[PDB]
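Undergrad: Okay, handing you the structure first.
Cβ sites come from the backbone with ideal geometry, for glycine too, and all protein chains shown count toward neighbours. FYI, it's all coordinate maths here, none of it is from the lab.
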Amino acid sequence: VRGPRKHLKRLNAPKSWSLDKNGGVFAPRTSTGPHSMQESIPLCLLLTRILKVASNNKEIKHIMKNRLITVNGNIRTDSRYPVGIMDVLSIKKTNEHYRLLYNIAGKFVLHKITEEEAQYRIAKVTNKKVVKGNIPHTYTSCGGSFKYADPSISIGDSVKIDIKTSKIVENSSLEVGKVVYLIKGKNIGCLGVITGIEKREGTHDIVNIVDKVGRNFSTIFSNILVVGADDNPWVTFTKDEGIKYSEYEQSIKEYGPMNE
Amino acid sequence: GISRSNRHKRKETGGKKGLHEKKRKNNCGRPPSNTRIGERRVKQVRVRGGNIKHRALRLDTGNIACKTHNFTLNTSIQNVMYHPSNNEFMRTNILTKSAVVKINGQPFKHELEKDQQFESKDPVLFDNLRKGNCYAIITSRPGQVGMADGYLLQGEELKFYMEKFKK
Amino acid sequence: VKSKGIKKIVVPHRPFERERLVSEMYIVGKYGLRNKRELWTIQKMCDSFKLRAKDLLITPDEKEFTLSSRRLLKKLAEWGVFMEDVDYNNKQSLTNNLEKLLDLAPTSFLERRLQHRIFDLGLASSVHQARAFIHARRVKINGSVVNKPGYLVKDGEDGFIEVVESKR
Amino acid sequence: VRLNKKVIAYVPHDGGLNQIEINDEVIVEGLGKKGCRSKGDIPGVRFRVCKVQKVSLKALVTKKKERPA
Amino acid sequence: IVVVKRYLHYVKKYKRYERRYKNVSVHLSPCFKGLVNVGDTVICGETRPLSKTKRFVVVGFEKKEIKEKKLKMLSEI
RNA sequence: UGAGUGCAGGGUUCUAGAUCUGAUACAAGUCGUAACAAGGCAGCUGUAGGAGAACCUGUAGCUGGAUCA
RNA sequence: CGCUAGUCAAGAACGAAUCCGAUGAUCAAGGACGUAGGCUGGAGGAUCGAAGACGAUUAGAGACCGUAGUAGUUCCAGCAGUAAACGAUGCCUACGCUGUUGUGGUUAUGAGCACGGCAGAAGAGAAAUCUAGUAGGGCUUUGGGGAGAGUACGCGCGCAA
RNA sequence: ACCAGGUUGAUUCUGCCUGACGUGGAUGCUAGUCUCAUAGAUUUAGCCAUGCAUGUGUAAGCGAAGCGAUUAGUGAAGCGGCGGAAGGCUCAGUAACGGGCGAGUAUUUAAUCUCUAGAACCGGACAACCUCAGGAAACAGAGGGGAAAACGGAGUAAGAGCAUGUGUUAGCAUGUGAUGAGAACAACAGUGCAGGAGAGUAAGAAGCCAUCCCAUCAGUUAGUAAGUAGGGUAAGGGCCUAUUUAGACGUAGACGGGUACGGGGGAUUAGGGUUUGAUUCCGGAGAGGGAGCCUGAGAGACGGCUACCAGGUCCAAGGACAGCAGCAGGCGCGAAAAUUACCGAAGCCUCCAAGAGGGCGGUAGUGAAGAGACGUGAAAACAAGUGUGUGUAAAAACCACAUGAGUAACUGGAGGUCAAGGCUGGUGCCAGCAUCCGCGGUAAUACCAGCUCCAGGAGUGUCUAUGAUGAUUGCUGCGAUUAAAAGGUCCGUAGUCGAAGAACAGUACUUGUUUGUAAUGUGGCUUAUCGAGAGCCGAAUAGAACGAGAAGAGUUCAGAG
């Protein structure tokens with residue numbers, strides 16, 4: 001190919017967006033920005049599907065030309081702007097607030113929140129560097145950058161951000177007995193508490209988890225975000241609190257256990 | 001023009017390979033720059049991604065560092081004495097990295113004379129500086145960076161290279 | 001050409017086998033079907049359920065057995081086809097009932113078809129004039145007409161079927 | 001036409017030879033064996049005529065249709 | 001130097017294996033110069049290209065074994 | 001960096017050719033009758049001569065022989 | 001491979017409380033032997049006898065039969081590489097019923113070990129019959145309806161055939 | 001998970017031919033209604049008349065002429081900015097960075113995000129405008145004004161590389177320095193543009209593993225294999241060059257030749273298999289054949305430029321133009337494939353945009369390639385028509401109600417395999433039929449016809465490839481005394497295969513956890529009258545990361561032989 005790709009066929013787009021295969025050959029190619037393309041969704045899919053407020057391209061235009069929609073405290077005017085996980089969306093007229101989370105199935109979903117929960121988000125720490133003029137810096141998963149934060153924050157920790165000031169508020173590390181949320185894998189959207197961590201060299205660390213209704217599951221650190229100072233969670237999670245059931249369990253719960 | 005691709009090259013087993021594409025610009029090469037000694041002439045080349053590269057066609061002077069005493073000076077270059085790759089580049093006086101060159105010694109002479117131990121520490125350099133001989137080695141890449149820079153030969157480096165000059 | 005849609009019939013390996021000809025001839029005659037394709041279609045349907053039962057009984061694991069047995073038996077009860085007192089949460093009866101499925105016959109699927117139901121409920125004088133009332137819109141279910149004789153009637157729809165007089 | 005070979009072909013029907021003139025165009029077909037092989041009692045002939053002047057030979061012979069003229 | 005690595009390939013139809021090998025040319029440094037010789041086993045690490053064919057460097061070795069130069073009893077016993 | 005084009009060669013695939021020589025099919029033509037019965041000299045395998053043609057003759061072998069003696 | 005003596009190397013089997021310790025099975029490529037007839041050079045030449053020549057027999061015999069007759073048939077130094085070179089049954093290694101008769105050693109004289117012949121049985125097989133019973137033991141050669149064809153072209157060996 | 005007919009006067013075997021059944025193309029005859037898919041791939045990557053497929057403007061870069069004005073305004077020729085490197089078409093070439101799985105460097109990246117973040121003066125032209133005015137056309141001249149956020153210079157911030165300290169390695173210190181800039185505007189209340197550091201997207205180069213036929217192709221290679229040093233590139237590297245070392249690859253098939261877009265997948269199938277993949281998704285290559293190239297963040301671009309070779313077009317003869325493996329369409333070639341149709345609507349992409357553009361895409365028309373559901377009467381009482389409404393971008397079809405009525409089957413067969421007539425008339429080894437076996441010489445259930453039956457049925461016959469039949473290719477699973485088939489005998493390398501006893505180790509081996517699959521397929525549920533269809537769910541192959549078990553395999557030992 002002579003240069004950069006512009007289009008995106010409908011069968012190639014992420015299974016997390018959950019778009020119907022048969023209607024048309026194309027899907028919206030996300031603009032470059034905060035999260036990766038595989039870990040985010042364009043804004044126009046949210047307004048037409050996840051939270052229905054438009055039904056046609058003429059309406060999608062009009063909503064943003066009138067400057068109505070705010071993401072992380074700034075007004076947005078690109079219809080193909082990417083939104084990602086733990087990412088406050090709001091309309092200042094009618095004072096609505098939402099976070100973006102995963103269903104138990106791993107699709108995307110908007111969750112309504114109060115104007116308290118709307119003030120902060122969580123991210124993971126990726127690198128630490130010193131910059132010209134001897135200025136310390138720190139960086140995060142979604143392309144965030146921070147000047148003169150607390151030096152003790154370590155790579156791999158997770159940090160809570162105040163959306164109005166754009167400063168770090170709190171820090172939590174990967175240890176036994178803390179709450180975790182699952183970003184990618186077989187168990188997307190599950191929520192649980194750390195049983196035990198097995199350290200590996202030059203390779204990913206393996207983390208073992210207990211679920212709130214008893215189930216053990218393990219995954220690699222690269223798929224986990226840590227979502228509380230010790231015991232209990234920061235953000236409010238969905239109507240169902242992240243318990244996943246097998247078809248087998250759904251049957252037992254529906255028709256009763258197999259008797260002797 | 002010139003290419004850097006391995007299109008035309010044989011396999012490790014000695015067999016030929018067939019060609020499956022026309023040439024591509026993303027493996028283009030460029031003709032050599034043969035930097036000669038003379039009054040300054042430098043050309044600016046528009047390179048990939050819109051960057052600029054500076055190509056010296058003729059150079060007159062260099063910055064030369066003294067490593068033991070920690071100073072740098074700017075001086076004229078006379079001629080090439082030795083070149084490790086090819087005997088030809090010496091006789092036609094072409095400048096490259098690792099060429100050994102004669103320079104004006106007087107500025108170095110004026111500085112090194114201040115140290116009362118100088119004669120005792122390096123007698124062969126001292127002798128050379130008296131006889132009007134002053135030798136340095138080029139470290140920069142003139143065809144890439146657009147200028148020549150180096151350091152003054154001292155101690156065992158003199159003892160090594162002087163044996164390459166002699167008939 | 002390769003294109004969308006399944007194929008629902010299997011052609012018999014021997015075109016002129018006398019025991020097959022006679023037994024097929026009888027069943028088309030009695031039930032008032034259009035041609036051999038109607039019959040062969042029902043036969044493939046029947047074979048599919050028999051295959052599932054075979055597979056369940058021979059499976060090694062318990063999770064699949066307990067899960068998929070229930071689904072199979074419930075489905076065939078709703079169609080009004082497999083009529084017996086299956087009890088759930090009791091492994092032996094599930095096995096017993098799976099074995100009773102293995103000698104299910106196409107006659108049982110035929111008798112759930114609307115053309116036969118209409119005649120069997122005494123709303124028509126023959127299996128022929130039953131078909132002729134399903135054409136020409138005289139037959140109605142839950143207050144809506146059904147144009148197609150092959151409509152398979154689930155268990156308990158029988159209360160809502162009706163006939164109306166001709167348009168003339 | 002496709003090879004510039006000259007070949008022998010058989011003409012199937014009762015009065016079939018009468019439906020063909022010299023310099024007519026004919027389409028020609030295989031006898032149905034695994035390799036190209038002789039069928040029945042005809043020695044060394046490997047094809048048969050199918051259509052004459054764009055029309056079916058079966059229709060010509062049985063007088064169901066007429067020559068294009 | 002040339003290193004040989006060996007393995008088995010499974011052929012599904014006949015339900016059996018065939019032996020295979022590949023040749024890799026590796027860089028040996030002067031620090032190992034006297035110590036490594038033909039038949040020995042060697043550990044190599046990956047790097048950026050060093051030449052047309054060369055991509056690995058010898059990083060250490062396991063010397064082809066002797067358990068013991070077996071004991072001879074004294075004539076006195 | 002090189003398109004095109006001179007002049008010699010090769011490598012492939014097809015095709016022409018006076019004349020010679022195989023094979024196959026020849027309803028039944030001409031000359032004999034070599035094999036199948038101890039087929040009228042028991043047959044057959046190797047090798048070497050000879051001959052209108054099947055074949056005949058020397059030498060060693062075999063029974064699938066006309067002899068389990 | 002068949003007369004008698006003398007001489008020179010190596011092998012098989014048997015008896016037994018000898019020594020070494022995995023040195024082994026089968027085999028593309030490569031190498032050595034191979035009746036007879038044939039070929040290159042020397043020695044020799046009794047008997048027999050391709051070719052060639054006659055006498056008979058026959059329609060005709062060029063053949064069969066008889067007379068005669070040459071190359072060959074023998075030896076030394078080599079080339080060649082085929083046979084119904086067949087028990088038409090590959091080589092190691094197993095598990096397997098009885099009676100009888102041989103050959104060579106050894107013997108508690110009761111028998112064994114190696115190499116054979118014969119006659120039944122049981123299984124097997126399309127039968128005839130059985131080197132063919134039982135069997136996912138190992139390794140090599142090899143066939144896939146008749147013909148054309150073990151023929152054409154190319155290649156390797158050979159003095160030629 | 002299946003058989004049948006055919007060597008004989010009969011029999012039992014070996015063995016092959018033929019029938020019976022899926023699927024991809026071609027074709028004969030016949031054809032009522034509605035719904036879902038798909039169409040010049042096979043032969044010539046052959047040749048092309050015509051029309052269309054790429055352009056974009058605000059309150060907010062510069063604004064000439066014209067119109068008009070108490071020294072206002074207007075409305076815009078050109079310039080600048082951003083795109084034209086995506087999508088669409090095809091499979092020629094390539095046995096290979098062409099393909100699958102991991103990893104993130106030795107690299108460059110306009111737009112976009114987060115943090116941060118800007119005191120600058122001067123000068124000409126180019127295009128349009130104005131006056132002449134050339135040329136057959138295509139296309140151009142003189143002369144004179146005049147702008148920019150366009151362009152070139154000045155100062156000035158900044159600043160590559162080199163050297164030494166200190167912190168791998170950013171950073172900081174010191175010495176030395178080539179180079180060397182910069183956008184604001186509007187208020188409907190905003191939109192831009194300079195520098196850095198990190199992200200995000202896209203390439204370039206790399207690691208491992210798998211890949212077709214011929215031995216009547218056995219030796220191949222000399223930038224070839226390596227080293228030291230330099231040039232070159234965005235970057236590692238024989239990528240290229242100088243002097244030294246002789247390597248590298250092969251019977252476990254090198255080298256040569258023939259052939260091929262590769263996967264996800266498709267067809268058949270009890271199991272083990274055998275065949276195919278131009279063709280909705282991903283990646284690669286091309287634009288008549290070869291080769292060079294400017295501009296740009298990015299092309300060795302062809303709806304850009306330049307030259308040759310093969311072909312064309314217009315001329316006033318001097319010159320000019322052009323490339324349908326885009327969408328319709330034409331000619332050829334063949335046994336082989338649709339309309340020079342509508343589109344401010346759906347899905348997406350492009351711009352300076354409350355708007356403009358798109359043959360990309362959607363909508364219908366055409367055709368028995370494929371796949372669903374139903375008509376052709378009932379015993380009292382039956383499609384297809386028509387009119388309104390709906391439906392859509394506008395339509396047609398579909399569906400609702402209301403009117404008329406009484407229309408609607410063919411293809412192959414009837415001696416055996418193989419379902420169904422020794423019926424009647426012609427013909428007499430003729431004419432014909434017959435996959436195979438076989439019929440006909442005047443008493444033909446087999447030809448040519450009439451009449452009755454059979455089979456499938458809006459469908460049925462034929463030809464051609466392939467899978468099955470087939471244990472006639474044999475891993476599972478065939479044969480070699482006489483049917484086809486054990487080398488004349490030894491030695492022997494590569495190759496394949498190899499005691500008992502006591503111990504040992506974990507790379508194969510098996511298994512856990514975690515990754516690895518959109519569509520298709522598999523197990524399900526829910527809504528279109530029903531059924532294909534549509535929508536949502538669950539699990540999954542090969543391949544890779546980390547642990548575990550030690551029977552078999554492997555390695556060692558000798559108070560074992």
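Undergrad: Given (1) out of contact with any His (no Cβ under 9 Å at 6 or more places or on another chain); (2) touching a residue at least 12 places away in the same chain (Cβ under 8 Å), where does B:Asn87 come up short, assuming only one miss?
TA: Only one criterion is unmet by B:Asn87, namely (2).
Undergrad: Next question. I'm trying to understand the selection: among the residues of segment C:75-93, which are more than 15 Å from A:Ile252 (Cα to Cα) and within 13 Å of chain A (Cβ to nearest Cβ)? I'd like the intermediate steps shown before the answer.
TA: Step one: list which residues in segment C:75-93 are more than 15 Å from A:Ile252 (Cα to Cα), which gives C:75-86, C:92-93.
Selection gives C:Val86, C:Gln92, C:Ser93.
Undergrad: I would also like to ask the following. Where the second residue is near RNA strand H (Cβ under 7 Å from one of its atoms) and of a type in the set (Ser, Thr, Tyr) and the first is farther than 15 Å from D:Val7 by Cα and lies in segment D:33-53, which pairs have Cβ atoms under 7 Å and are six or more apart or on separate chains?
TA: Partner pairs satisfying both residue conditions: none exist.
Undergrad: Cβ-Cβ below 6 Å, separation at least six or inter-chain, first residue in segment D:1-25 and within 11 Å of RNA strand H (Cβ to nearest atom), second not aliphatic (A, V, I, L, M): which pairs?
TA: Going by the 6 Å Cβ cut-off, the qualifying pairs are D:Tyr10/D:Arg48; D:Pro12/D:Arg48.
Undergrad: Mind telling me which of the residues B:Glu88, B:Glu21 ends up being farther than 19 Å from B:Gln144 by Cβ and away from RNA strand F (no atom under 16 Å from the Cβ)? Break it down stepwise before answering.
TA: Numbers: B:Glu21 fails: away from RNA strand F (no atom under 16 Å from the Cβ).
When all the criteria are applied, what remains is B:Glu88.
Undergrad: Please go through segment B:90-111 and pick out each residue that is among the aliphatic types (A, V, I, L, M), over 18 Å from B:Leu158 (Cβ atoms) and either part of a loop (DSSP other than H, G, I, E, B) or touching a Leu at 6+ places or on another chain (Cβ under 9 Å) (or both). Even if it seems obvious, please write down each step before you answer.
TA: Filtering segment B:90-111 for residues among the aliphatic types (A, V, I, L, M) gives B:90, B:94-95, B:99-101, B:103.
Imposing the further condition that a residue be over 18 Å from B:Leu158 (Cβ atoms) reduces the set to B:90, B:94-95.
Within segment B:90-111, just B:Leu95 meets the criteria.
Undergrad: Select from segment E:1-23 the residues that are over 16 Å from the mean Cα position of the chain (by Cα) and of a type outside the set (A, V, I, L, M) and list them in ascending order.
TA: Applying the first criterion (over 16 Å from the mean Cα position of the chain (by Cα)) to segment E:1-23 yields E:8-19.
Correct list: E:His9, E:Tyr10, E:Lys12, E:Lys13, E:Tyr14, E:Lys15, E:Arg16, E:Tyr17, E:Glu18, E:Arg19.
Undergrad: Further question: Would you list the strands (runs of 3 or more DSSP E) that sit entirely within segment A:5-111 and hold 2 or more residues that are β-branched (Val, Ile, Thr)?
TA: Values: elements: A:69-71, A:89-91, A:96-102.
Hits in segment A:5-111: A:69-71.
Undergrad: With respect to C:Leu56, is the statement that it is within 20 Å of A:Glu254 (Cβ to Cβ) and away from every other protein chain (no Cβ under 14 Å) true? Outline the logic, then answer.
TA: Values: within 20 Å of A:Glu254 (Cβ to Cβ): yes; away from every other protein chain (no Cβ under 14 Å): yes.
Judged against the criteria, C:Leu56 is a match.
Undergrad: Would you check if A:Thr30 is within 10 Å of RNA strand H (Cβ to nearest atom) and crowded, with 16+ Cβ neighbours inside 10 Å?
TA: Values: within 10 Å of RNA strand H (Cβ to nearest atom): yes; crowded, with 16+ Cβ neighbours inside 10 Å: yes.
Considered against the rule, which asks whether it is within 10 Å of RNA strand H (Cβ to nearest atom) and crowded, with 16+ Cβ neighbours inside 10 Å, A:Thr30 comes out as yes.
Undergrad: I would also like to ask the following. Test B:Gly146 against the criterion of being at positive phi and buried (at least 17 other Cβ atoms within 10 Å of the Cβ), and give yes or no. Full working, then the answer.
TA: Working: at positive phi: yes; buried (at least 17 other Cβ atoms within 10 Å of the Cβ): yes.
Here the answer is yes, as B:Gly146 does meet what is asked.
Undergrad: If you go through segment C:93-147, how many residues are of a type in the set (D, E, K, R) and within 20 Å of C:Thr41 (Cβ to Cβ)?
TA: First pass over segment C:93-147, keeping only residues of a type in the set (D, E, K, R): C:99-100, C:103, C:111-113, C:117, C:120, C:131, C:137-138, C:140.
Keeping just the survivors that are within 20 Å of C:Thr41 (Cβ to Cβ) gives C:111-113, C:117, C:131.
The qualifying residues number 5.
Undergrad: Could you check, for segment B:77-86, whether at least one of its residues is surrounded by fewer than 12 Cβ atoms within 10 Å (Cβ to Cβ) and touching a strand residue (DSSP E or B) at 6+ places or on another chain (Cβ under 6 Å)?
TA: yes
Undergrad: Can you find a residue in segment A:187-196 that is exposed (fewer than 11 other Cβ atoms within 10 Å of the Cβ) and either more than 14 Å from chain C (Cβ to nearest Cβ) or within 15 Å of RNA strand H (Cβ to nearest atom) (or both)?
TA: Here is the first cut: in segment A:187-196, the ones exposed (fewer than 11 other Cβ atoms within 10 Å of the Cβ) are none.
Scanning segment A:187-196, I find no residue that is exposed (fewer than 11 other Cβ atoms within 10 Å of the Cβ) and either more than 14 Å from chain C (Cβ to nearest Cβ) or within 15 Å of RNA strand H (Cβ to nearest atom) (or both), so the answer is no.
Undergrad: OK, next. From B:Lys97, B:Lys11, which residue is away from RNA strand F (no atom under 16 Å from the Cβ), within 14 Å of chain E (Cβ to nearest Cβ) and basic (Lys, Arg)? Break it down stepwise before answering.
TA: Working: B:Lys97 fails: within 14 Å of chain E (Cβ to nearest Cβ).
Within the list B:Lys97, B:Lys11, the selection yields B:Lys11.
Undergrad: Turning to a different aspect of this structure: Counting only residues that are surrounded by 10 or more Cβ atoms within 10 Å (Cβ to Cβ), under 30 Å from B:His8 (Cβ atoms) and among the aliphatic types (A, V, I, L, M), how many does segment E:1-58 have?
TA: Number of matching residues: 6.
Undergrad: Related question: What number goes with the only condition from (1) more than 14 Å from chain B (Cβ to nearest Cβ); (2) within 17 Å of the chain's Cα centre (by Cα); (3) not in a strand (DSSP E or B) that E:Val26 does not pass?
TA: (3)
Undergrad: Going by what's in this entry, would A:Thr70 be described as in contact with a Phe, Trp or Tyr (Cβ under 9 Å, 6 or more places away or on another chain) and within 30 Å of A:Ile163 (Cα to Cα)? Even if it seems obvious, please write down each step before you answer.
TA: Numbers: in contact with a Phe, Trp or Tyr (Cβ under 9 Å, 6 or more places away or on another chain): no; within 30 Å of A:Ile163 (Cα to Cα): yes.
In short, no.
Undergrad: Return the pair list, or none, for Cβ contacts closer than 8 Å from residues in segment C:2-13 that are aliphatic (A, V, I, L, M) to residues that are part of a loop (DSSP other than H, G, I, E, B), at least 6 apart or on different chains.
TA: Pairs that qualify, where the first residue is aliphatic (A, V, I, L, M) and the partner is part of a loop (DSSP other than H, G, I, E, B): there are none.
Undergrad: As an exercise: evaluate C:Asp61 against (1) surrounded by fewer than 16 Cβ atoms within 10 Å (Cβ to Cβ); (2) within 14 Å of chain A (Cβ to nearest Cβ); (3) touching a helix residue (DSSP H, G or I) at 6+ places or on another chain (Cβ under 9 Å); (4) charged (D, E, K, R) and give the number of the one condition it does not meet.
TA: In the conditions (1) surrounded by fewer than 16 Cβ atoms within 10 Å (Cβ to Cβ); (2) within 14 Å of chain A (Cβ to nearest Cβ); (3) touching a helix residue (DSSP H, G or I) at 6+ places or on another chain (Cβ under 9 Å); (4) charged (D, E, K, R), C:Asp61 misses (3) alone.
Undergrad: Scan segment A:226-246 for residues that are among the acidic types (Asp, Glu) and surrounded by 10 or more Cβ atoms within 10 Å (Cβ to Cβ) and report the count. Before the answer, list the steps.
TA: Kept after step one, since they are among the acidic types (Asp, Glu), are these residues of segment A:226-246: A:230-231, A:240-241.
Imposing the further condition that a residue be surrounded by 10 or more Cβ atoms within 10 Å (Cβ to Cβ) reduces the set to A:240-241.
Qualifying residue count for the region: 2.
Undergrad: To continue, here is another question. Does A:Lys93 meet the test of being of a type in the set (D, E, K, R) and exposed (fewer than 12 other Cβ atoms within 10 Å of the Cβ)?
TA: Values: of a type in the set (D, E, K, R): yes; exposed (fewer than 12 other Cβ atoms within 10 Å of the Cβ): yes.
So A:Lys93 fits the description; yes.
Undergrad: Of the residues in segment B:140-159, how many are part of a helix (DSSP H, G or I) and within 13 Å of RNA strand H (Cβ to nearest atom)?
TA: Qualifying residue count, segment B:140-159: 5.
Undergrad: Would you confirm, using the coordinates I've provided, whether C:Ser48 is more than 9 Å from RNA strand H (Cβ to nearest atom) and of a type in the set (S, T, N, Q)? Steps first, answer last, please.
TA: On the way: more than 9 Å from RNA strand H (Cβ to nearest atom): no; of a type in the set (S, T, N, Q): yes.
When the stated conditions are applied, C:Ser48 does not pass them.
Undergrad: Being at the interface with chain C (Cβ under 7 Å from one of its Cβ atoms) and surrounded by 15 or more Cβ atoms within 10 Å (Cβ to Cβ) is the filter here, so list the residues in segment A:247-257 that pass it. Give the derivation first.
TA: Just the residues of segment A:247-257 that are at the interface with chain C (Cβ under 7 Å from one of its Cβ atoms), to begin with: A:247-248, A:251, A:255-257.
The one that is at the interface with chain C (Cβ under 7 Å from one of its Cβ atoms) and surrounded by 15 or more Cβ atoms within 10 Å (Cβ to Cβ): A:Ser251.
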